[PDB]
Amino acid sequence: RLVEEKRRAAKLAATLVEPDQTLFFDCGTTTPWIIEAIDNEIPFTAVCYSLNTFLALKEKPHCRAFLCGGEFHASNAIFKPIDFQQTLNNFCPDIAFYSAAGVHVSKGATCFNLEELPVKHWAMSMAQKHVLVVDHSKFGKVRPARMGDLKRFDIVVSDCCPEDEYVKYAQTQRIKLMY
């Protein structure tokens, strides 16, 4: 589970949040720790597509919360839109916080489920700043559903310094590493 590592990376990712921003939060067990770490006095607007992520936003007294609806999928408790992403097409989030099961220089960022790709792809195209929040265990892993190339992300946040391969790759692509 690496809960302690996820919580530390998420706390560092939360330092990027500014008052009145519109934020996108991906699914999984890492992003809810970002929501918890945001000071409860900071007002913000948030969009999400998973039950545990929404329930975390619901506990923030100054969060204007939006949920992308659709068919419920038990894995990661997500909602998958039938086709058009009406709710999401109304936003250009200041920051999108992403989750991934794998981070690979050649293969890119991957996840376990294809059902999560439509919303992750929407965020990658419509958000203004892309922040991948992943514990150290995700580096070097490759899962079967592909989100995209690592160059799609502006910042990668983790619990400790990634291997030298990712440090050098991040320098070349101007990807900021926070750990």
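Numbering starts at 1 and runs along the sequence shown.
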item: 151-159 or 165-173, whichever carries the higher mean Cα B-factor; value: 165-173
item: Segment of higher mean CA temperature factor, 80-88 or 95-103; value: 80-88
item: Options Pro118, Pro61, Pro32, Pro144 - largest CA temperature factor per the record; value: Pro61
item: Among modelled residues of the same chain, the CA temperature factor third for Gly140; value: middle
item: Cα B factor band for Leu23 (lowest, middle or highest third within the chain); value: lowest
item: Modelled-residue ranking by C-alpha temperature factor, third containing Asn40; value: highest
